[PDB]
Each structure stands twice: as C-alpha cells, then as structure tokens.
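Protein sequence lines correspond, in order, to chains C, B and A. First residue of the first sequence: 6, per the deposited numbering; consecutive thereafter. First residue of the second sequence: 6, per the deposited numbering; consecutive thereafter. First residue of the third sequence: 6, per the deposited numbering; consecutive thereafter. A quick write-up on the structure given underneath.
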Amino acid sequence: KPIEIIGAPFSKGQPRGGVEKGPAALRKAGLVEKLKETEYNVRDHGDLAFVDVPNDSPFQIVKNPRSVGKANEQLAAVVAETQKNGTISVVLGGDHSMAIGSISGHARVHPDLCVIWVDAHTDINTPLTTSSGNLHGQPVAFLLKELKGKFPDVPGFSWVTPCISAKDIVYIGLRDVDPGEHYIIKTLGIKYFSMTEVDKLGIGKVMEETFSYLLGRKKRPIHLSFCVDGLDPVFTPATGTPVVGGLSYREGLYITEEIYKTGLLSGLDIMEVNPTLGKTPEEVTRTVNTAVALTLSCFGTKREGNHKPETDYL
Amino acid sequence: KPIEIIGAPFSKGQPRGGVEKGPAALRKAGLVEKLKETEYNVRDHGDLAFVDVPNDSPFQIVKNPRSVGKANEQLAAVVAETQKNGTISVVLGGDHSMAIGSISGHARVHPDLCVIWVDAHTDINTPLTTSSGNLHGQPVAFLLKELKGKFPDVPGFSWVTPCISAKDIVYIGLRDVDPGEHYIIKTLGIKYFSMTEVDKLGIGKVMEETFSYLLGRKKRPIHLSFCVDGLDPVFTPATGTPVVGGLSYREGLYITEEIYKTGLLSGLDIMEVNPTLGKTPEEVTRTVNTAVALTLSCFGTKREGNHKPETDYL
Amino acid sequence: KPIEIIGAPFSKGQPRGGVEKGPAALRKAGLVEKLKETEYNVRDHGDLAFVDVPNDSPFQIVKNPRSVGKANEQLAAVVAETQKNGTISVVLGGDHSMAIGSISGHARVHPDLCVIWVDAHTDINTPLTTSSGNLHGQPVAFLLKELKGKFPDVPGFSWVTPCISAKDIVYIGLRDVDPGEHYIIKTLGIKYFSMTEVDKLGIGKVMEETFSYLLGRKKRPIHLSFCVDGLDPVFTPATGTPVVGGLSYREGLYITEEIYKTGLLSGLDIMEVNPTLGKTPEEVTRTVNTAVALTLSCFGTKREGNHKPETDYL
Ligand SMILES: [Mn+2]
Ligand SMILES: [Mn+2]
Ligand SMILES: [Mn+2]
Ligand SMILES: [Mn+2]
Ligand SMILES: [Mn+2]
Ligand SMILES: [Mn+2]
Numbered sequence: 006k007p008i009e010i011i012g013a014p015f016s017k018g019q020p021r022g023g024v025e026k027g028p029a030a031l032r033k034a035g036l037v038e039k040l041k042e043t044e045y046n047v048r049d050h051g052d053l054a055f056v057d058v059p060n061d062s063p064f065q066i067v068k069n070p071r072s073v074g075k076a077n078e079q080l081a082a083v084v085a086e087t088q089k090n091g092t093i094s095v096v097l098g099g100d101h102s103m104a105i106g107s108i109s110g111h112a113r114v115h116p117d118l119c120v121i122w123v124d125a126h127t128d129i130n131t132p133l134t135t136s137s138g139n140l141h142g143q144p145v146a147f148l149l150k151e152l153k154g155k156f157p158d159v160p161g162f163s164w165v166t167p168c169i170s171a172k173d174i175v176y177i178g179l180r181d182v183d184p185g186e187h188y189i190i191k192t193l194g195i196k197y198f199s200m201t202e203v204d205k206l207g208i209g210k211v212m213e214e215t216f217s218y219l220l221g222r223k224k225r226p227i228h229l230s231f232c233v234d235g236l237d238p239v240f241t242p243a244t245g246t247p248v249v250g251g252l253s254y255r256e257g258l259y260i261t262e263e264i265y266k267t268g269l270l271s272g273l274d275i276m277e278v279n280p281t282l283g284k285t286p287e288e289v290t291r292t293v294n295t296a297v298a299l300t301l302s303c304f305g306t307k308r309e310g311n312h313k314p315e316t317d318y319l
Numbered sequence: 006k007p008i009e010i011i012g013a014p015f016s017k018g019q020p021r022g023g024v025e026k027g028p029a030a031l032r033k034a035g036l037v038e039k040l041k042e043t044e045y046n047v048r049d050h051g052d053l054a055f056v057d058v059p060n061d062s063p064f065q066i067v068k069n070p071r072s073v074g075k076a077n078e079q080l081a082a083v084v085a086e087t088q089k090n091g092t093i094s095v096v097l098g099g100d101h102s103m104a105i106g107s108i109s110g111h112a113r114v115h116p117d118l119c120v121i122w123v124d125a126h127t128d129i130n131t132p133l134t135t136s137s138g139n140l141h142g143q144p145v146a147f148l149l150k151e152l153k154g155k156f157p158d159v160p161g162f163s164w165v166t167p168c169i170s171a172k173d174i175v176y177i178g179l180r181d182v183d184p185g186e187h188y189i190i191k192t193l194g195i196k197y198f199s200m201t202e203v204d205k206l207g208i209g210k211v212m213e214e215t216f217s218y219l220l221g222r223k224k225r226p227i228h229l230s231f232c233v234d235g236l237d238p239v240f241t242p243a244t245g246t247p248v249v250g251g252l253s254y255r256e257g258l259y260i261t262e263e264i265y266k267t268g269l270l271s272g273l274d275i276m277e278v279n280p281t282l283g284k285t286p287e288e289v290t291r292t293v294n295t296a297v298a299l300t301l302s303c304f305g306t307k308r309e310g311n312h313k314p315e316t317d318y319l
Numbered sequence: 006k007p008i009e010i011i012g013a014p015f016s017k018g019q020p021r022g023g024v025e026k027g028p029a030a031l032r033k034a035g036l037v038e039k040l041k042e043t044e045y046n047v048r049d050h051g052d053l054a055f056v057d058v059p060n061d062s063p064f065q066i067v068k069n070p071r072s073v074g075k076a077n078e079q080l081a082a083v084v085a086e087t088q089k090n091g092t093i094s095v096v097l098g099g100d101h102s103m104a105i106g107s108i109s110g111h112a113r114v115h116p117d118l119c120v121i122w123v124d125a126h127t128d129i130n131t132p133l134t135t136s137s138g139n140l141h142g143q144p145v146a147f148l149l150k151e152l153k154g155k156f157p158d159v160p161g162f163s164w165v166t167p168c169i170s171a172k173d174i175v176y177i178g179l180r181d182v183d184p185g186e187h188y189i190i191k192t193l194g195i196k197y198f199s200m201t202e203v204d205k206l207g208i209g210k211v212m213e214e215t216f217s218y219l220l221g222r223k224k225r226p227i228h229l230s231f232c233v234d235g236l237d238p239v240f241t242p243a244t245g246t247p248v249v250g251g252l253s254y255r256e257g258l259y260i261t262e263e264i265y266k267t268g269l270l271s272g273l274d275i276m277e278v279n280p281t282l283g284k285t286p287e288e289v290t291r292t293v294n295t296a297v298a299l300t301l302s303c304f305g306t307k308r309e310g311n312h313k314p315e316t317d318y319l
C-alpha cells in the first residue's frame with residue numbers, strides 16, 4: 006500500500022517562527038529513508054510552496070486569515086490527489102492550522118472518515134473565543150459541522166466545508182483547555198480521554214474504548230492528527246506550546262502501534278515540530294527522533310521487533 | 006463555600022532552615038489570586054507569628070520541643086476557629102510537624118474526620134523510635150489514639166489530645182520507612198499503599214479502594230495532608246527529604262482531582278516546600294508551580310478543563 | 006539463607022571497555038556492607054581472575070570466542086560450587102555474555118530452574134544472525150535447547166550444554182530487537198512482555214502472569230538476570246546499549262520485590278553496568294545506586310520499610 010510524504014512548511018498559524026523548519030528537520034533525521042525500509046512503498050511529494058498574501062489584514066482578532074486560508078486550500082488540493090490514487094497521506098508540517106488542509110482534503114475522498122486528535126489542546130476555538138488570533142488552535146472549529154455559522158466567516162476560508170461531525174472524532178492527551186473550548190466540547194458532547202482519563206484507565210483501556218466508539222459500528226478510515234506537544238515536554242521539548250504532565254514516550258508508541266493494528270490509518274499529521282525552539286541541540290534531536298519514531302510506528306515498526314515474511318533466518 | 010489560607014512559616018521541626026519561606030514562595034507564585042479564580046471564596050488569613058521559646062532544651066532526643074509545641078498549639082487555635090465558621094482550611098507550611106496543629110484544630114470541629122496522608126514517609130516515629138530528635142517525622146505518633154502513652158509526655162505537647170485512630174487514616178506514596186515506623190503501622194494495622202501498591206493497582210484503583218475504606222461506611226470530612234516530597238524529586242526538587250521513585254505530577258494530580266469530586270475535603274496541608282534547597286531557580290519554580298497545581302486541583306480546576314455555569318460561550 | 010557475591014570483571018563481550026569496572030563500582034557504592042544489613046548471611050567471593058587467551062582470532066564474525074568461552078567456563082564452575090553448598094549466587098558483571106556461565110553454573114545444581122530475562126534486548130542472536138560479533142548479545146543463543154545445532158560450534162564453547170528450554174524463560178521490557186532475534190522468539194514462541202505489553206497491562210499484572218506461567222505448574226528456583234539497560238537511561242545511563250522508553254525505577258523495584266516475595270530466587274545477575282560511560286559522575290552515582298537499589302530488594306528490603314523480628318521498638 007502507498008504512502009505519500011507532503012511537507013507543509015507553514016507557520017502563520019502562530020506567533021513563533023521556526024516551525025516551517027520541521028519538514029527539513031524530520032527529513033534530515035532520516036524519515037523518508039527509514040520508511041522505505043518498511044513493508045510499504047514510499048513517494049515523497051516534496052515541500053509545498055505557500056504563496057504569501059500581501060496586506061493580510063487581521064479579521065478582527067484572527068491573524069493572517071487569507072494567508073492561512075490560502076495555504077490550507079493548497080494543502081487540501083494536494084491531499085485529495087494522493088488519497089484519490091489510493092495512497093496514505095503523511096503530512097509533515099508546521100503549526101496545526103494546516104490540519105484544515107489535511108483533514109478537509111481527506112474527507113473529499115473518504116467522507117466517512119473519523120479522527121483521533123492527539124494533542125494537549127483541543128486546538129478548537131472560534132474566531133469569537135480566541136484570546137489570541139492564532140489559528141493553529143482553532144483547526145477543529147472550522148471543520149465541525151455543528152459549528153457551522155457559530156462564528157463569522159473569515160477571509161480565506163470560504164472554500165472550507167465542515168467535513169466531520171462531533172461524533173466522528175476523539176481527543177487523546179488533553180490537559181490545557183481554555184474556558185471557551187471546554188464549553189464547546191461538553192455542549193457538543195465530544196468523546197475525549199484527557200490527562201485525568203489516561204491516568205484512571207491507562208493507555209491500554211483507552212484505545213480499546215476509542216476504537217469501539219469510533220469503529221464500534223462501522224469500519225471507516227482513520228485520520229490521525231498528532232501535535233508533538235501531545236507527549237510531555239521531556240520527550241518533545243521542541244514545540245511551541247509545551248505543557249507539563251503529558252503522554253509518555255511509551256503510551257505514544259502504544260497509540261501509534263494500535264492504530265497500525267486496525268489497518269485503517271488513512272491520514273496522518275505530524276504537526277508543530279519546531280527545531281529552533283530546542284534549548285539545546287539535544288532537545289531538538291530528542292523531539293525529532295521521537296517524532297520520527299511515532300511515524301514509523303503508525304507504519305508497522307513494533308517494539309517487540311519485526312522480520313521480513315518468507316525469510317527463513319536460520 | 007469558604008476557604009481560608011493560613012500561613013505557617015515554621016521550620017524548627019527539622020535541621021535544614023529554609024522551609025519557613027514556603028508560604029512566601031507559594032504566595033509569590035500567585036496562589037492566593039489563582040484561587041479566587043475558582044468557584045470559591047478566598048480570604049487570606051496571613052502568616053502566623055510563631056513565638057520562639059528561649060532555652061528550648063532538648064527532651065532526650067527530640068529537638069525544640071517547647072518551640073515546636075507552642076507553635077502548633079497556636080495553629081490548632083487558628084484552624085479550629087475558621088472550621089467553626091464553616092470554612093475549609095488550607096495551611097501553607099513549613100515542615101510537616103505543623104500538621105499536628107492543622108489536624109488537631111480540625112478534629113475539634115469535625116471529630117469524625119479522616120486523613121489521607123500523601124507523603125514519602127510515615128512521619129510516625131515516637132520520641133523513643135526516632136534516630137533524629139526531629140519532629141517533622143513524628144506528627145502522627147502524637148495524633149494516634151492507639152499511641153497515647155506509648156512514649157513520654159514531651160514539654161509543650163500537654164495540650165495535645167489524640168483525635169484520630171489508626172482506622173481513619175491511609176497513607177499514599179510510601180517509600181522511605183524506618184524499621185520502627187513499619188512496625189507500628191503493621192501492628193496497629195494502618196491502611197496504606199506503598200509505591201509498590203501504586204505500581205500494582207494503579208493510581209486509579211488505589212483511590213477507589215481508599216475511598217471505600219475511609220468512606221465505604223459513613224460520609225465524613227477529609228483532612229488532606231500533602232508532603233511535597235510525596236511526589237518524585239524530578240517534580241518536587243526543593244524539598245528537605247527527597248526520595249527517588251516517587252509519585253508523578255499526574256498521579257498527584259489524579260489524587261487531588263478525585264478528592265475534589267468527593268466534595269468532602271475539609272482540611273488541606275501543603276507542607277515541606279523549601280525555596281533555599283533548590284539547586285537552580287528552575288527547580289524552585291517547578292516544585293512551587295506543582296505545589297500550586299495541586300492546591301488548585303483540590304478546588305475544581307480540572308485538566309479536561311473548566312467553564313462557568315449559566316454562561317453560553319456561543 | 007546464604008548469599009555469595011561473585012565478581013566477574015569481564016568485558017570481551019563487546020567493543021566498549023569499562024564494564025569490567027562494574028563490580029569495583031558496585032562494591033564501592035557499598036553493596037556488600039548494605040546486604041549484611043538484611044536478614045541474610047553474606048560472603049563476598051572476591052573477583053575472578055580471567056586469563057586472556059593469546060591470539061583469540063575471530064570465529065567468522067564472532068569476536069573473542071576463546072576468551073569469552075574460557076571465562077564463562079570458569080564462572081560456571083564457581084557458580085555450580087556455591088549453589089552446591091546451598092547458597093544464593095549474586096553476580097556483579099561486566100557484559101552480559103557472562104550470563105552463560107552464571108545460568109550454566111546454576112542449572113547444574115538446579116536443572117529445573119527458570120529465568121526471568123529483564124533486559125531491553127533479547128540477547129538471543131546466533132553466530133549466524135549477529136550483525137556484530139558481540140557475544141554480550143547472544144548469551145541466550147548458547148543456552149537454549151531448541152537452538153542446539155542451529156549454528157556452528159564456536160571455539161571455547163564446547164563445554165556448554167543447553168540447560169533451559171524455550172519454556173522456562175521469560176523476558177521483561179524488550180524494546181530493541183533485531184529482525185533475526187524477533188523471528189527466533191516468535192518461532193520458538195517464547196513468553197515475553199515487550200514495553201508495549203507493560204504499557205497495556207501494567208507492572209502489576211505482568212508479574213502476576215509471568216509467575217503463573219513459570220510457576221503455575223511446579224515450584225522451582227528462580228534465576229534473575231538483570232541487564233541494567235533494561236530500565237530507561239534516565240535511571241541507568243552508565244550503560245553500553247541504552248535505549249529510550251525503558252522500565253521505570255519504580256517497575257524495576259516492583260519486579261525485584263515480587264521476586265523476593267516468591268522465596269524462590271536462586272541466581273541473580275547484575276550485568277553490563279559501565280562506570281566510564283556516564284557523561285557525568287552523577288550519572289555514574291545514579292546508575293550504580295540502582296544496580297544495588299534493585300539487588301538489596303531481591304533480598305527483602307521493602308519500600309514500605311522493614312523492621313527486625315522479635316524487637317519491640319516501644
Ligand atoms: Mn495542535
Ligand atoms: Mn496543541
Ligand atoms: Mn516526608
Ligand atoms: Mn512529611
Ligand atoms: Mn541488553
Ligand atoms: Mn543484556
């Protein structure tokens with residue numbers, strides 16, 4: 006089965022430059038070559054060139070609305086292109102705002118898709134709830150169907166159409182929620198397993214339930230959106246919004262391991278990896294190895310080990 | 006419901022000076038104002054002046070017995086006073102030996118109360134079993150009813166009256182216990198979950214069984230004494246007696262979260278946070294930041310998030 | 006209940022020097038003295054003088070076959086001697102390749118013994134499957150009954166007799182396995198708990214299932230081989246092949262505590278602790294402290310604490 010790497014060197018999703026350097030870091034560490042070693046076929050799409058919109062005046066509080074809006078539209082145009090030819094889409098980003106390109110492009114070809122959002126935030130505010138005009142923490146808002154019309158239209162997001170409903174997605178690793186956000190998720194009653202939950206049940210029971218909830222009834226493709234800030238700052242320090250007491254290195258692979266196991270992974274997002282934010286070359290090396298590591302896990306590489314079929318090693 | 010912050014800048018309890026700075030370290034970090042942000046009312050009682058006793062000769066091994074006694078007596082006098090006006094007490098200490106006063110004053114108004122001791126030690130040595138005349142490691146030996154008269158009367162501790170029995174207390178996070186201490190808890194049969202127990206059951210099940218143990222039969226107030234050294238040093242640096250293999254930030258959080266949920270916490274202790282014992286300013290910020298995290302957990306703040314009632318954020 | 010420490014300062018098991026200094030590291034940290042504080046009797050059998058074989062040409066890929074084979078032959082003979090007199094055999098190593106002598110000496114006197122292999126690796130390659138001629142990562146290949154005659158006879162290992170079968174052994178914390186290795190364990194179907202396992206069950210249930218799998222039917226002596234690298238480097242950094250995402254200082258103790266709990270320990274190995282590889286004295290002090298923390302545990306020392314029998318501390 007096909008795999009297509011699509012770099013998204015973008016960052017206007019937030020105030021700290023540097024995340025457009027993620028792709029270049031991930032590829033540098035050896036992601037593309039490490040993947041060709043798996044049972045899959047790998048075609049690297051290269052890095053998309055994001056045209057900058059001049060005079061991108063702020064829509065109320067939101068910053069860079071036409072820029073962010075334009076990039077994502079170019080992303081969702083690319084994604085549909087690989088998913089159309091039946092090939093799994095791995096997007097190497099920038100900030101999370103690129104999810105709107107990532108998941109909108111996915112749904113065009115697999116409208117019945119679900120989403121597992123591994124993040125420490127819901128990154129799902131509305132241009133009416135953000136205390137910051139930053140769109141990297143609003144990706145979901147623009148996606149949700151039940152959120153259509155619950156906030157103004159934002160210059161550059163006309164092309165967007167709510168693709169998934171509050172029933173088809175599940176958060177994992179939440180720990181920093183704004184009053185606003187907590188409201189929405191409760192009100193719309195979305196399924197999540199916040200830090201608290203993943204203390205009480207354990208990452209073992211948590212993927213068991215998230216699977217019966219999303220795949221309990223019908224079998225449908227999986228779109229995994231992984232904010233490196235999902236695991237703790239001791240495993241991913243090179244991120245813009247780090248937050249204490251997160252998901253261990255282990256539960257992370259566990260996650261990515263089980264998702265492989267479903268044979269249902271359709272879209273994968275490796276967002277917000279920032280090489281310039283590492284306090285030491287180590288932490289940058291740390292954040293990337295564990296970013297690559299999770300990316301190889303969603304594609305077979307197990308911790309008990311692997312071996313090539315039909316090969317008698319004796 | 007009322008909350009009353011009581012400043013206990015005491016340290017005589019032990020040899021390492023620096024703990025009487027705890028309050029000033031927790032207040033500085035924003036504890037007081039952080040709390041008024043919750044659904045509760047907050048009145049800061051201020052820091053109690055502790056009269057020093059001249060010529061506080063040592064009773065055999067014990068050190069500063071009269072000094073440590075009078076303070077506590079003035080602590081139970083302040084506590085009992087605010088609990089009388091139906092308000093929850095949060096004591097920012099010093100060394101733990103002040104618990105003596107926080108639990109003694111508490112029981113005068115709620116004599117049927119229980120105690121969830123989260124710490125790395127049992128601080129239950131008798132003036133006869135301590136290898137150090139230190140009182141921060143004995144607060145319990147004085148409170149226990151089954152321990153009345155199993156050791157000599159210590160000058161300054163005549164006013165004390167064992168308010169609780171070996172039945173109404175459970176320990177959490179035990180890992181450093183002295184031969185004498187383990188004996189006592191085995192003999193009197195106290196309910197505990199030593200780190201070994203938390204690895205076995207999970208911080209999930211553990212809180213499930215400690216609740217049905219202390220609250221399976223009758224519903225009573227919860228006095229929560231928390232020795233910062235309760236968690237591992239990696240999280241709680243700036244503590245006098247740090248001991249490897251401790252309770253994570255997450256577990257110490259899941260505990261406090263659940264103590265809220267009961268709606269039964271009555272008295273709270275935030276003991277042994279030492280500012281001067283931090284190897285770097287970071288480590289002083291850290292322990293503090295997470296001593297605060299917990300204090301704001303005991304009162305609502307959830308990781309999944311919080312939103313104000315009756316407010317429609319849409 | 007006899008204990009016999011046996012220093013095996015060997016290292017030819019791999020390319021990095023330093024491991025021979027292990028014993029002389031554990032010993033300084035005060036291992037022997039600390040053990041005498043337990044309920045056991047202690048006899049330190051000094052360190053073994055290992056004669057170096059001149060002109061130890063490489064058998065195909067394998068390196069130091071004759072020097073490694075001779076050393077172990079001399080270890081096994083020391084071992085089988087103190088097990089003979091009814092004493093427990095604790096071996097402070099070098100490189101793990103000395104397991105071969107440690108477990109070989111052990112099966113002579115207790116041919117019905119079991120082994121719990123706590124290590125980040127399976128150390129079970131064959132001279133035909135190694136990518137390196139390193140014997141520290143093959144010990145098991147020489148011990149297995151099912152592996153007899155699955156490779157060529159290696160110079161110096163003519164004295165070795167497969168003593169345990171695929172059935173009496175179990176791994177714990179595997180997270181780095183080469184293609185070959187995985188195959189083997191799969192094919193001979195060995196009972197293990199990779200890191201994924203420990204995540205999904207917990208160090209609680211894990212020991213429950215390893216005990217009922219190894220001791221469910223008959224009660225037999227337990228040989229515990231502990232590759233310090235089985236833990237996470239943050240706990241055991243001073244090691245030759247560290248690997249991210251290991252067991253916690255807490256599971257590590259949990260494990261050694263339950264093994265004490267059976268009353269069946271018989272043989273114990275504390276291999277591959279290398280003092281020269283700690284980036285800082287601290288990492289050397291750390292690692293060491295826990296190759297002992299763990300040992301003094303296999304002999305009782307409980308985190309809940311201990312107290313001497315018949316001694317009324319009141
Ligand atoms: Mn995000
Ligand atoms: Mn995030
Ligand atoms: Mn303590
Ligand atoms: Mn204490
Ligand atoms: Mn190993
Ligand atoms: Mn090994």
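C-beta: ideal position from N, C-alpha, C; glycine also.
Quick check: is the beta carbon of B/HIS187 nearer than 7 Å to any beta carbon in chain A?
yes
Where does A/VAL37 fall in DSSP's three states?
helix
Under 6 Å, CB to nearest heavy atom of ligand 8: contacting residues
In the structure shown, ligand 8 is absent; the only ligands present are ligand 1, ligand 2, ligand 3, ligand 4, ligand 5 and ligand 6.
What three-state label does DSSP hand C/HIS50 in the structure shown?
strand
Locate the alpha helix (DSSP H) running through B/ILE66, then write down its first and last residues.
No alpha helix (DSSP H) contains B/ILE66, which DSSP labels as neither H nor E.
Indicate the three-state DSSP secondary structure (helix, strand or coil) for C/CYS232 in the structure shown.
Of the three classes helix, strand and coil, the one that applies to C/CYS232 here is strand, per DSSP.
C/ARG222: buried (16+ other C-beta within 10 angstroms of its C-beta) or exposed?
exposed
With a threshold of 8 Å on Cβ separation, who are the neighbours of A/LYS26 within its own chain once the five nearest residues in sequence on each side are excluded?
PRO14, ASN279, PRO280 and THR281
Closer than 7 Å by C-beta to A/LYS196: which residues in its own chain qualify, once you throw out the five before and the five after it? Chain order, please.
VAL175 and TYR218
Can B/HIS101 be considered in contact with ligand 4, in the sense that its beta carbon sits closer than 6 Å to one or more heavy atoms?
yes
Are the CB atoms of A/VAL182 and A/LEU140 nearer to each other than 7 Å?
No, the pair does not count as a contact, with Cβ atoms beyond the cut-off.
Quick check on the DSSP output: the beta strand (DSSP E) that includes C/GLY209 runs from which residue to which?
No beta strand (DSSP E) holds C/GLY209; the alpha helix (DSSP H) holding it covers 207-219.
Can you check which of these residues, A/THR290, A/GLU186, A/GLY272 and A/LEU270, is closest to C/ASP317 by C-alpha distance?
A/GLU186
With a threshold of 7 Å on Cβ separation, who are the neighbours of B/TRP164 within its own chain once the five nearest residues in sequence on each side are excluded?
The answer, listed in chain order, is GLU78.
State buried or exposed for A/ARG71, treating a residue as buried only when at least 16 other CB atoms are found within 10 Å of its CB.
buried
Proximal residues, the region 194-224 of chain C versus chain B, C-beta separation under 8 Å
Result list: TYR197, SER199, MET200, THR201, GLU202, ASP204, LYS205, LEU206 and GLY207.
Compare the C-alpha of B/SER16 against each of B/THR135, B/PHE55 and B/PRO247 and name the closest.
B/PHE55
Please name the residue in C/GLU277, C/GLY142 and C/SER230 whose C-alpha comes closest to that of C/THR244.
For the options C/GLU277, C/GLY142 and C/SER230, the alpha carbon positioned closest to that of C/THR244 is the one of C/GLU277.
Can you give the Cα-Cα distance for A/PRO247 and B/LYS150, rounded to whole angstroms?
51 Å
Let me check one thing: in DSSP terms, what residues is C/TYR197 bridge-paired to?
C/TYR176
Would you call the region 221-236 of chain C and the region 247-259 of chain C in contact, with 3 or more CB pairs under 8 Å?
yes
Which of helix, strand or coil DSSP assigns to C/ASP204
Helix at C/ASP204.
For the region 246-258 of chain A, which residues have a CB atom closer than 8 Å to at least one CB atom of chain C, in sequence order?
Hits within the stretch, in order: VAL249 and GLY250.
Counting only runs of 3+ residues fully inside the region 228-316 of chain A, write out the beta strand (DSSP E) ranges in chain order.
270-276
Quick one: what's got a C-beta closer than 8 Å to B/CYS303's C-beta in the same chain, skipping five residues either side?
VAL95, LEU229, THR261, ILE264, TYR265, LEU270 and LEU273
Quick one: Cα of residue 5 of chain B to Cα of B/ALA85, how far?
Nothing in the structure corresponds to residue 5 of chain B, since chain B is present only between 6 and 319.
Comparing alpha-carbon positions, which option in B/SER109, B/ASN130, B/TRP122 and B/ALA29 lies nearest B/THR166?
B/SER109
Reduced DSSP secondary structure (H/G/I, E/B, other) of B/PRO116
coil
Keeping to the same chain, check which residues put their C-beta closer than 6 Å to that of C/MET212; ignore five residues upstream and five downstream.
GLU263
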